[PDB]
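A.B. asks: This structure is in structure tokens; I'll ask about it shortly.
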Protein chains: 2
Amino acid sequence: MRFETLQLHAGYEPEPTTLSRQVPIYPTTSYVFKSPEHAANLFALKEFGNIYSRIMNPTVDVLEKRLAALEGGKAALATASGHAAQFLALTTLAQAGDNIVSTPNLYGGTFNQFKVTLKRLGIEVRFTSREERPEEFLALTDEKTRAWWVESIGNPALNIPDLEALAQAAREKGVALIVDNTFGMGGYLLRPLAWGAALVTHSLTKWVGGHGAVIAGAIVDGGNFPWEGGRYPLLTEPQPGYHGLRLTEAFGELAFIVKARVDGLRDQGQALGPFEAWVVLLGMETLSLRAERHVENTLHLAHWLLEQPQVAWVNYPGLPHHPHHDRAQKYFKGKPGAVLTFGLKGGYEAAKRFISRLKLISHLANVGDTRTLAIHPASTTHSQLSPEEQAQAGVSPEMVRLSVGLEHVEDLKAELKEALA
Amino acid sequence: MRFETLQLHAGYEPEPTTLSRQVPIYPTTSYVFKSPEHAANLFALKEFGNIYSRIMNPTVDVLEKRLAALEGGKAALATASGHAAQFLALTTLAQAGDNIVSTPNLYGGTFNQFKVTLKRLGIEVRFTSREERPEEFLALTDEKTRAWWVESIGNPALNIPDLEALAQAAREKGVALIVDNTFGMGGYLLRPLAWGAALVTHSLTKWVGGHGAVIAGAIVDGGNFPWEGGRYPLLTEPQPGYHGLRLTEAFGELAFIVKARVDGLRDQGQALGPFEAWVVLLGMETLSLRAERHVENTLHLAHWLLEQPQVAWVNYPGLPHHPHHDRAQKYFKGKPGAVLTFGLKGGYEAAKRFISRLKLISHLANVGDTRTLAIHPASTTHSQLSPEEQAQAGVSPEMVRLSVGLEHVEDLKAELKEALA
Ligand SMILES: *Cc1c(COP(=O)(O)O)cnc(C)c1O
Ligand SMILES: *Cc1c(COP(=O)(O)O)cnc(C)c1O
């Protein structure tokens, strides 16, 4: 009752000068200053929402306010990519010396970001077991623990975390729980903030954008996590970039999203650009319609793939006899995303053959386009790893990953049948 | 003493809402109506320049006002291309039964437009001889003559017309003289309105655009030609699209550019789109700088080509022995555009060979890019005419057309020398 209307209207009222119905693109680097006073105010953070700059573009501003509305959150901040949003978030609450605790069931790229990049910058990422229990989160946390990280639907095995208990635990302890909600389609399938996460992160490049046209990421702040504790000196310190201003004092419950902007984004410069933000808004306008058709296509193909003689198994979490099926229902109302996995009975060789017979389905490594995508990681993504380190990563040699698009399901059935022969 | 500043500022003040320094792109189909009264006014032509619509876009509006300023004119109107600007102009002042008189030294596409398209819609185009003398215009004029057409620099001989005398003659007769000023680089090299033309037309796709990136055209109105004479019932009639409004009464000296918008553009729909307009404004920003380097490069190469053993002749109206050299001086301050022509002494074959040895210069049919362009019309553009109907068109079989770009003239010399062996 309302997502459908937010995704068309939240964050933008027709611009007063032109009364344009569509959001304008402001391919600008700069904004003339209304007066020296307004200009003094901008640099002092005294007129926050109202003066535009190299770090708040008005086209990007619509995207942000809209995303916050779609996630049930209070404010959002866009960046040049999902990776840059994860990095800017973590780097806003943590500095060299700190650590964070993460599920290890991570998107290939976020694993490496944790293990190599953050490590090098003196931010220790400690990993839970693959079952990512709240106990193990708690067990790994100490005075310098700065966040816990988990994904709405985890990387290789498509597990759903134990989100309610995780959130209660993190809050109980006073750690910011951050959920990478990319697989929750912008809050449509799931809003982690509603279940008590502190912060959400997205690769908008995937289903929010939707059309495989732009790379983009975002952080969404619920505005309800106490930064005051003593766990977040970075948020409470007087701020050297702003002449000793205290962000928790000037901005209260929004101090995080404000800091990520005026400090992290200001210094590191992962600007999302305005055309790109504009192209995201376009895909956001149909987010719920694509979401629904995605998830229906995915269920249908999950069932169908099992009835197939050449298929050993299928891993979608919305299948009835799945490990985490109760969780699919609790969190995603029965609709846990649009990525499934399946093993071929003819193994690695047959998986390779299947990819080579694809015609309509595209052979590539992304997820979340309108078009249906397939990859055989064992021969591709992870082909640099030995089979033993592969199996180590949860990558089984006969597994194909399907990111199910919006084509007619009968056309997809015909294609899969052909490719599987 | 001002063109340089006009091409950066005319037509746009930072939008009051965002104070954007760059001009926004308004990729919008519509504008919300402020109130029903404002909407009544828009449809009645009552608050002309102030309310935006599908036929006045604000990004396109900046390009128009800016071009009018660069031409010394009063108002302009943009279209989806140079052809469409020419068709919309002629179709605004002429209807079935009328005729117009034109030089026949026309850009390839405009010839066809006159001879096939206009003819079929019952608008007769009568041709002067190749010397386009004002008295030949007069000779061909009658009660129903609606305009005279000439180009600032005609094709293919690169003749410059007898512009002052032509303009006096047309005005003394009360016919609209229209100059296709494309080769005048948006008013930079020449402003026909300053010499008394009624209207100017451009293929913005060429030097005004400048980067070969966008197709675009425009009409520019001097706002000083009397339409009330009885020669222009189309302009004075009560107007059936607007409940019998008389455009000469409501808009006085701007009635033509207004009609072209609210009537011809509204019915025919050659909209220039706003990205495209935005990209033109970007090239307009450097027009004068490109213009000067173009014309310098052209002179140097015109001289250099004559010293070349393999070159029989060079046609460039800025060479000092040229027929119409006095005219280059009167009209273009010594700088008559950036297209030249030259014949190879090894004829058609050597011309084909030269084009086949180009590396840096691009082989294509088009003028006015930043990059230097070459074509051999006898083997290409006109390859379907017999040699004698070729010679008839002024297309001699050894002629190469060079549209001279902005690369370093020494690199161009090294390339030509070597293409010419
Ligand atoms: C893509 C991805 C990332 C970050 O992606 P970008 O390509 O930088 O936008 C993070 N998390 C998930 C779940 C993703 O699939
Ligand atoms: C190209 C051209 C035209 C029209 O050009 P478009 O490609 O439609 O924009 C008209 N006159 C001249 C002199 C031109 O070179």
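Values quoted throughout were computed directly from the atomic coordinates according to the rules given, and no laboratory measurement underlies them. Every residue, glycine among them, receives a Cβ derived from its backbone with ideal geometry; neighbour counts consider all protein chains shown.
A.B. asks: Per DSSP helix of 4 or more residues, -39500 (n - 2.57); summed, then divided by the residues of chain A. What does that give at 222 nm, rounded to the nearest 500?
C.D. replies: Working: 16 runs with 144 residues, N = 421.
It comes out at -9500 deg cm²/dmol, rounded to the nearest 500.
A.B. asks: Using the alpha-carbon atoms, what tilt in degrees (0 to 90, nearest 10) does helix B:82-93 show relative to the longest principal axis of chain B?
C.D. replies: 50 degrees
A.B. asks: Also, quick follow-up: State, to one decimal in nm and shortest first, how far the label point of A:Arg246 sits from each corresponding label point in the other identical copies (label point: 7 angstrom along Cα-to-Cβ).
C.D. replies: 7.7
A.B. asks: Grab every C-alpha pair in segment A:300-357, bin the distances at 10 angstrom width from 0 up to the longest one, and report whole percents.
C.D. replies: Calculated P(r), rounded to whole percents: 24, 46, 23, 7.
A.B. asks: Further question on the same structure: With +1 on the Cβ of every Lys and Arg and -1 on the Cβ of every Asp and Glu, and nothing else charged, how large is the dipole of chain A about its Cα centre, in debye rounded to the nearest 20? The partial results should precede the final answer.
C.D. replies: Details: 40 positive and 44 negative charges, 79 e Å.
In debye, rounded to 20, chain A gives about 380.
A.B. asks: Build a GNM of chain B with springs between Cα atoms under 10 Å: which of B:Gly346, B:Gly223, B:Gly187 gets the top mean-square fluctuation?
C.D. replies: In the Gaussian network model the winner is B:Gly346.
A.B. asks: Over the alpha-carbon set of the protein assembly as shown, work out the extent along each principal axis and list the three values in angstrom, largest first.
C.D. replies: 99, 61, 51
A.B. asks: Then there's this: Quick check on my link table: of B:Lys34/B:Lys206; B:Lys65/B:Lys359; B:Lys330/B:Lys352; B:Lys65/B:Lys335; B:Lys34/B:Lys65, which ones sit more than 31 Å apart, alpha carbon to alpha carbon?
C.D. replies: Pairs exceeding the cut-off: B:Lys34/B:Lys206; B:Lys65/B:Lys359; B:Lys330/B:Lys352.
A.B. asks: Per the Kirkwood formula on distinct C-alpha pairs, the Rh of segment A:111-157 is how many angstrom?
C.D. replies: Final number for the Kirkwood radius of segment A:111-157 is 11.8 Å.
A.B. asks: Considering the options A:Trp227, B:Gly346, A:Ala250, tell which one lies farthest towards the positive end of the dipole of the protein assembly as shown, charges being +1 on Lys and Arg and -1 on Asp and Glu at the Cβ, about the Cα centre.
C.D. replies: Checking the options against the dipole of the protein assembly as shown, the answer is B:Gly346.
A.B. asks: Using only Cα atoms, find the angle between the long axis of helix B:163-173 and the longest principal axis of chain B, and express it within 0 to 90 degrees, rounded to the nearest 10.
C.D. replies: 40 degrees
A.B. asks: Around B:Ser30, under 9 Å between beta carbons, what's the net of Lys plus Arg minus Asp minus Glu among the other residues?
C.D. replies: Summing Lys/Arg as +1 and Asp/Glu as -1 gives +2.
A.B. asks: Provide an ascending nm list, one decimal, of label-point separations from B:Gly394 to the equivalent residue in each further copy; define each label point as 7 Å from Cα along Cα→Cβ.
C.D. replies: List, nearest first: 7.4 nm.
A.B. asks: Another question about this same structure. Kindly express, to the nearest 10 degrees and within the range 0 to 90, the angle between helix A:287-306's C-alpha long axis and the longest C-alpha principal axis of chain A.
C.D. replies: Once rounded, the angle reads 20 degrees.
A.B. asks: Using a Debye calculation, one point per C-alpha and no hydration shell, please list log10 I(q)/I(0) for segment A:20-83 at q = 0.23, 0.26, 0.29 Å⁻¹ in order.
C.D. replies: For segment A:20-83, the Cα-only Debye profile gives -1.09, -1.19, -1.25.
A.B. asks: Then there is this: Where both residues lie in the protein assembly as shown, what percent of DSSP beta bridges are antiparallel, nearest 5?
C.D. replies: 60 percent
A.B. asks: Which whole-number percent gives the relative contact order of chain A, counting Cα pairs below 8 Å spaced six or more residues apart?
C.D. replies: 15 percent
A.B. asks: Could you identify which residue out of A:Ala176, A:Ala94, A:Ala213 has the top mean-square fluctuation in a GNM of chain A using Cα springs shorter than 10 Å?
C.D. replies: Residue with maximal mean-square fluctuation among A:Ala176, A:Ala94, A:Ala213: A:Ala213.
A.B. asks: So which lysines can A:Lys333 reach, going by Cα to Cα under 16 Å and dropping same-chain residues fewer than 8 places off?
C.D. replies: Reachable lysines: none.
A.B. asks: Let me ask something else about it. Net charge within 13 Å of A:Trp304 by Cβ-Cβ distance, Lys/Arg positive one each and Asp/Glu negative one each, not counting A:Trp304 itself?
C.D. replies: Details: positive: A:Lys413, A:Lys417; negative: A:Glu296, A:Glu307, A:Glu410, A:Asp411, A:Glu415.
After counting each charged neighbour, the total is -3.
A.B. asks: Plugging the Kirkwood radius over Cα pairs into Stokes-Einstein for segment B:171-210, at a temperature of 10 °C and a viscosity of 1.306 mPa s, what D comes out in µm²/s? Walk me through the intermediate numbers first.
C.D. replies: Values: Rh = 10.5 Å.
Calculated translational D: 151 µm²/s.
A.B. asks: Separate question: State to the nearest 20 debye the size of the charge dipole of the protein assembly as shown about its Cα centre, where the only charges are +1 on K and R beta carbons and -1 on D and E beta carbons.
C.D. replies: 480 debye
A.B. asks: Using the Kirkwood formula over every pair of different C-alpha atoms, what hydrodynamic radius in Å results for segment B:139-178?
C.D. replies: Computed over Cα pairs of segment B:139-178, the Kirkwood hydrodynamic radius comes out at 10.9 Å.
A.B. asks: What value does chain B have for Rg/Rh, both radii from Cα atoms and Rh as Kirkwood defines it? Spell out each step's value before the answer.
C.D. replies: Values: Rg = 22.0 Å, Rh = 22.3 Å.
In chain B, Rg relative to Rh is 0.98.
A.B. asks: Sort out for me the Cα centre separation of segment A:1-75 from segment A:220-265, rounded to whole Å.
C.D. replies: Between the Cα centre of segment A:1-75 and that of segment A:220-265, the gap is 21 Å.
A.B. asks: Sketch the reach of a paramagnetic label on B:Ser379 as a point 7 Å from Cα along Cα-to-Cβ, and name the residues of segment B:328-358 whose backbone nitrogen lies under 11 Å away.
C.D. replies: Only B:347-358 fall inside the zone, counting backbone N under 11 Å.
A.B. asks: Among B:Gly184, B:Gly273, B:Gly222, determine the one that fluctuates most according to a GNM of chain B built with springs between C-alpha atoms less than 10 Å apart.
C.D. replies: B:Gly273
A.B. asks: Could you tell me the extents of segment B:353-410's C-alpha atoms along the three principal axes, largest first, rounded to whole Å?
C.D. replies: 38, 22, 16
A.B. asks: Then there's this: Just to check, using Stokes-Einstein with a Kirkwood Rh over alpha carbon pairs, what's the diffusion coefficient of segment B:286-421 at 20 °C and 1.002 mPa s in µm²/s?
C.D. replies: Using the Kirkwood radius from Cα pairs, D works out to 141 µm²/s.
A.B. asks: Please report the projected area of segment A:197-308's Cα convex hull averaged over all directions, in nm². Working shown, then result.
C.D. replies: Numbers: hull surface 40.0 nm².
Mean orientational projected area (segment A:197-308, Cα hull): 10.0 nm².
A.B. asks: Also, quick follow-up: Can you find, among B:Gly212, A:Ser152, B:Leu358, the residue farthest towards the positive end of the dipole of the protein assembly as shown? Put +1 on the C-beta of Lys and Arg, -1 on that of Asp and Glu.
C.D. replies: Highest projection toward the positive end goes to B:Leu358.
A.B. asks: Now for a different question. If you split all Cα-Cα distances of segment B:259-335 into 5 Å bins from zero, what percentages do you get per bin, shortest first?
C.D. replies: Per 5 Å bin, starting at zero, the Cα-Cα P(r) for segment B:259-335 comes out as 3, 13, 13, 13, 12, 10, 11, 12, 8, 4, 2, 0 percent.
A.B. asks: Taking only the alpha carbons of segment B:252-301, what extent do you get along each of the three principal axes, in Å, biggest first?
C.D. replies: 46, 28, 17
A.B. asks: Assuming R0 = 60 Å, can you tell me the calculated FRET efficiency for the pair B:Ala139 and A:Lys34, based on Cβ-Cβ distance, to the nearest 0.05? Provide the component values of the computation, followed by the final result.
C.D. replies: Details: r = 62 Å, r/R0 = 1.03.
The value I calculate is 0.45.
A.B. asks: Rank A:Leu406, A:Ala391, A:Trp313 by how far each Cα sits towards the positive end of the charge dipole of segment A:286-421 (+1 on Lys, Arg Cβ; -1 on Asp, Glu Cβ) and give me just the farthest.
C.D. replies: A:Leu406
A.B. asks: Antiparallel DSSP bridges in chain B: what percent, to the nearest 5?
C.D. replies: Among the beta bridges of chain B, antiparallel pairing accounts for roughly 60 percent.
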